[PDB]
Engineer: 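This is the structure I have questions about; it appears just below.
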Amino acid sequence: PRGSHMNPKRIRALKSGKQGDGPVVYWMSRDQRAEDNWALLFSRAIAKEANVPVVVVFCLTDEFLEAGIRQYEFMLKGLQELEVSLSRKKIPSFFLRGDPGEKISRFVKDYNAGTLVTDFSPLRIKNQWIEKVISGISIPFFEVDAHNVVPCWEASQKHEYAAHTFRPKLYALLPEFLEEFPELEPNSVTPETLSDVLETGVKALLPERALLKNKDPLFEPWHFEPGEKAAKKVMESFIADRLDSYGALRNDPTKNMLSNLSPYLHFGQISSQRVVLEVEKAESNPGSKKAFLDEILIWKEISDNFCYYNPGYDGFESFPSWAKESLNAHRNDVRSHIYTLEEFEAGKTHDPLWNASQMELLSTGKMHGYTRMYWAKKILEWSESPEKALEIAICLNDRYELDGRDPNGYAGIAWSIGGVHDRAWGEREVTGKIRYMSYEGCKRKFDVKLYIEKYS
DNA sequence: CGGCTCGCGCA
DNA sequence: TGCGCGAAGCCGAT
Ligand SMILES: Cc1cc2nc3c(=O)[nH]c(=O)nc-3n(C[C@H](O)[C@H](O)[C@H](O)COP(=O)(O)OP(=O)(O)OC[C@H]3O[C@@H](n4cnc5c(N)ncnc54)[C@H](O)[C@@H]3O)c2cc1C
């Protein structure tokens, strides 16, 4: 609907109806940014055609109680900066608290909304909120994929078994969907405190804070400055200083050669399409560029495909049949070690390498990409059952990772424990044919002692 | 039938 | 360190 630089395949209608006379309402959930936001740009285009203002609404749910302070402050501080950024474009921002199914329905009626637009997320709870809103409103409802370069329903129509079958499909659609972002035109017609929401939330999460023996907090918040502006700086420094050596040193946890974009990419503080555009134009190592593009395009967006077409993405049923049969047969195998959630959480295992991986997660909130596999696969080896291992890994991932509660997390954990998007390997006790990682294998690929000594 | 995002022996 | 082989089931081009 209207616009020359807007691909209609990025927008899909969730509910048809007569368009109202009021402003266009953008229900911002996943892409918390002002620039490079297709959902915000599309909302502005519909508003321009209808000669109505565009507004953004945010619903603060009770889900932050399941998380900790580290995600709350990171997310809330970025929204404060986003509030100023949208204010400069004469776009008002309304921050609501409560159930989005009931709050969004009330906001549309009270504000006399004409059209409702929201971003795309394949998570279960997002689909539940959308259906609740659909039953309570009478205006057109649209959904825009502002997170993936190629829209999730357009890249593939089915669950993808592996990357090698999804890679040609994604790369074929890149020329159509990889394009520059038009600038966000400000509003022409003009028409809760975030500080109070922040101060209340930390008070409710203070008891659940991760502490040391001397009651000192474990989380170090100076490693990643949140916000749209800081996310851009991280991207620029990656291309200039780190992209060249990414291809060779991405699997070395002792070297800070990763992009460190996942906390911003999870909260939508930066667009992966913007990152792809800058990386494509960069003159760097061709092997490094191909390796990084495979990470942010194929593996990031296949995680959306996994969650979109598998409602049980965080369960044992989502595993492939070969993986399920292999794990089932080894249920009665005697485990070399039985560890509980608390012992995993405190880093109280016999493995100093695994403990150091947990400490990096506890202290920085972002464990290195390579050690994340060894972290999750040892949980399977040292748990009562595959279901318990899946529960433990998801719990610690979602509680302590800044990029937690993300499709990349569920696909990554399902890859590690259930062989999702993987293949079978040598038969072993307990883990069966799931891919095996050993402490000695990590020794021959990076300096394990340096990584251990860094995080005690 | 070819080829998939580990460990391991060997220079 | 970097390279080639081994051990496993299966998708997808035909
Ligand atoms: C068990 C396990 C759990 C995971 N949990 C999370 C999580 O909670 N949140 C999360 O965002 N990612 C998760 N991943 C994926 C991966 O660990 C992170 O994306 C990455 O380590 C974050 O660091 P980075 O952005 O600097 O990595 P980079 O090497 O710089 O990667 C760049 C971007 O590519 C994407 N990406 C890279 N590797 C993967 C991957 N394996 N799967 C999917 N996308 C990928 C991410 O968007 C990332 O920001 C997990 C991986 C594993 C093995």
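All chains are named by letter (A, B, ...) in the order of the sequence lines, taking the proteins before the strands, and each is independently numbered beginning at 1. Atoms considered below: every heavy atom in the structure, side chains included; atoms not considered: hydrogens, waters and symmetry mates.
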Engineer: Considering only atom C1', compute the distance from B:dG9 to C:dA7 and round it to an integer number of Å.
Structural biologist: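 Approximately 15 Å lies between the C1' atom of B:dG9 and that of C:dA7.
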Engineer: Please indicate the pucker of C:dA7, north or south, going by the torsion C1'-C2'-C3'-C4'.
Structural biologist: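 The C:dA7 sugar sits on the south side, the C2'-endo region.
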Engineer: Within less than 4.0 Å of OP1 or OP2 of C:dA7, is there a side-chain N or O belonging to A:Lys433?
Structural biologist: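 No, A:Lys433 has no side-chain N/O under 4.0 Å of OP1/OP2 on C:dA7.
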Engineer: Can you check the distance between B:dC6 and C:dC10, where both ends of the measurement are the P atom (answer in whole Å)?
Structural biologist: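 The same atom, P, in both gives a distance of 22 Å.
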Engineer: Figure out the OH/P separation between A:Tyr161 and B:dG3, and round it to whole Å.
Structural biologist: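 Rounded to whole Å, this separation is 18 Å.
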Engineer: When the ring centroid of A:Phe224 is compared with that of A:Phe74, is the distance short of 6.0 Å?
Structural biologist: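 Not close enough - the centres of the two rings lie 6.0 Å or further apart.
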Engineer: Report yes or no: is the cationic atom of A:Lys377 (NZ for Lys, CZ for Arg) closer than 6.0 Å to the six-membered ring centre of A:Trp425, at no more than 45° off its axis?
Structural biologist: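 The answer is no, since A:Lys377 fails at least one limit relative to A:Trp425.
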Engineer: A:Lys324 NZ to C:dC10 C1': how many Å, rounded?
Structural biologist: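 Whole-Å distance recorded here is 15 Å.
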Engineer: For C:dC11, does either OP1 or OP2 sit under 4.0 Å from a side-chain N or O belonging to A:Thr165?
Structural biologist: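 No, because none of the side-chain N or O atoms of A:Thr165 sits under 4.0 Å from OP1 or OP2 of C:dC11.
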Engineer: Could you tell me how far apart A:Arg423 (CZ) and C:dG12 (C1') are, to the nearest whole angstrom?
Structural biologist: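 In whole Å, C:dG12 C1' and A:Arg423 CZ are 16 Å from each other.
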Engineer: Considering residues at least two apart in sequence or located in another chain, which fulfil the salt bridge (charged side-chain N to carboxylate O under 4.0 Å, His left out) criterion with A:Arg12?
Structural biologist: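 Residues passing salt bridge (charged side-chain N to carboxylate O under 4.0 Å, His left out) with A:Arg12: A:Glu143.
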Engineer: Could you tell me how far B:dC1 sits from C:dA8 if I compare only their P atoms? Round to whole Å.
Structural biologist: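 Nearest-Å result for C:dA8 against B:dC1 at atom P: 23 Å.
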Engineer: Any N or O donor-acceptor pair under 3.5 Å from the base of C:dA7 to the side chain of A:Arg435?
Structural biologist: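 For A:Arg435, whose side chain was compared with the base of C:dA7, there is no donor-acceptor pair (under 3.5 Å).
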Engineer: In the structure shown, which nucleotide is the Watson-Crick or G-U wobble counterpart of B:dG7, with both distances under 3.5 Å?
Structural biologist: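 Looking at the geometry, B:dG7 pairs with C:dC5.
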Engineer: In terms of the nearest nucleotide of DNA chain C, which residue is placed more toward the 5' end: A:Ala248 or A:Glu325?
Structural biologist: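 Looking at the nearest nucleotide for each, A:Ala248 comes out on the 5' side.
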Engineer: Are A:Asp351 and A:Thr349 close enough that a side-chain donor and a side-chain acceptor fall under 3.5 Å?
Structural biologist: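 No, because no side-chain N or O of A:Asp351 sits under 3.5 Å from a partner of the opposite role on A:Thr349.
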Engineer: Figure out the OH/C1' separation between A:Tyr374 and B:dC6, and round it to whole Å.
Structural biologist: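 Spelled out: OH on A:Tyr374 to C1' on B:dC6 is 14 Å.
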Engineer: Over all strands shown, is A:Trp322 touching base, sugar-phosphate only, or nothing at heavy-atom distances under 4.0 angstrom?
Structural biologist: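 Sugar-phosphate contact only.
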Engineer: Which way does the sugar of B:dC6 pucker, north or south, judged by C1'-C2'-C3'-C4'?
Structural biologist: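 North, since the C1'-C2'-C3'-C4' torsion of B:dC6 has a positive sign.
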Engineer: Does A:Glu208 pair with A:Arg399 as a salt bridge, N-O distance under 4.0 Å?
Structural biologist: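 A salt bridge is absent here (no side-chain N lies under 4.0 Å from a carboxylate O).
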Engineer: Which of these nucleotides, C:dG12, B:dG7, C:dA8, is closest to any side-chain atom of A:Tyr436?
Structural biologist: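 Output: B:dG7.
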Engineer: Would you please name every residue forming a salt bridge (charged side-chain N to carboxylate O under 4.0 Å, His left out) with A:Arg33, sequence neighbours left out?
Structural biologist: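 Testing A:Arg33 for salt bridge (charged side-chain N to carboxylate O under 4.0 Å, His left out), a comparison that skips the adjacent residues, returns A:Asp31.
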Engineer: For A:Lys377 and B:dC6, is the shortest distance between a side-chain N/O and OP1 or OP2 below 4.0 Å?
Structural biologist: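 The answer is no; no side-chain N or O of A:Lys377 sits under 4.0 Å from OP1 or OP2.
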Engineer: For A:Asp422 and B:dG3, give me the distance from atom CG to atom P, rounded to whole Å.
Structural biologist: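 It works out to 18 Å between those atoms.
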Engineer: In whole angstroms, how far is the P atom of C:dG9 from the NE2 atom of A:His164?
Structural biologist: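 Rounded to whole Å, this separation is 16 Å.
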Engineer: C:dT1 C1' sits how many Å from A:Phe446 CZ, rounded?
Structural biologist: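 To the nearest whole Å, that distance equals 15 Å.
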Engineer: Could you state the atom-to-atom distance from NE2 of A:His421 to P of C:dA8 in whole Å?
Structural biologist: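 In whole Å, C:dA8 P and A:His421 NE2 are 23 Å from each other.
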